[PDB]
């Protein structure tokens, strides 16, 4: 009765206020705007990856959407078994499948911009270290730290980045504990790239500011500014590294619907396409800081500056 987009997620959370929420929102906008339909299924564990993708393929859906490094092996295999079913993979890369489109993000480029913001706010307080909490380091995840570090160093090479890995995108309790550890060490800015776990980092930041500690957090995926309001007016969210996974999902769903699915291609959503970067409006960033950020942004887009894909501590 309808063209249907089916999302298989490795997370039991489309309300994660970040990544899975953006993807579902994009699929949902596509369906609403095109008189189509959509649904999703959660595949918490590995053993459910193959059967989950297979069931949607057996329903002859218009498009099957899968995200992350946990689902890619299952997509690689399943796409070969169902050559006539279209699949979209987000945050991972598939080769040799003309029925699969891979959407990847230049998140190192966007993270460079928030690194500049972090370094400037840290210097403002005489701090020589900033924090970074990442959900997991598999797949393309290392791009965030690589760009964040590069942006921090572009402002001041002596500022150190202190990294904590949660090893989960669905544990806010862990997010708060890791944020507490960083703030307790004297850091005043933390960039969180941790999906649902990240909501706990934002909570810890709100709790600290509420009681007079001058701390900040930089959000991810969505413009998380309102998520950090702690006293009725002010927010602890310095800025956010926005990643338009919603636009990628919406646009490719439309191409599938229209017969122009770019099967077999990897599509890069970057700073020049405005698919990553910072929000258009940033109450906590001054005009001076914004001009500095915009300046670096232009040098990255033109390639005058190329942002690394791996941080210094991860390079030989």
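Residue numbers count along the first chain shown, from 1.
The stretch with the higher mean CA B factor, choosing between 119-127 and 195-203, is 119-127.
Across the two stretches, 182-190 and 228-236, the PDB entry reports the greater mean Cα temperature factor for 228-236. Out of 252, 27, 276, 53, it is 53 whose C-alpha atom has the highest B-factor in the PDB entry.
The entry assigns its greatest Cα B factor, within the set 247, 256, 65, 41, to 41. Ranked against the other modelled residues of its chain, the C-alpha B-factor of residue 145 as given in the entry falls in the lowest third. Split the chain's modelled residues into thirds by C-alpha temperature factor. Residue 97 is in the middle one. When the modelled residues of the chain are ordered by C-alpha B-factor, residue 301 sits in the highest third. When the modelled residues of the chain are ordered by C-alpha B-factor, residue 312 sits in the middle third. Ranked against the other modelled residues of its chain, the C-alpha B-factor of residue 295 as given in the entry falls in the highest third.
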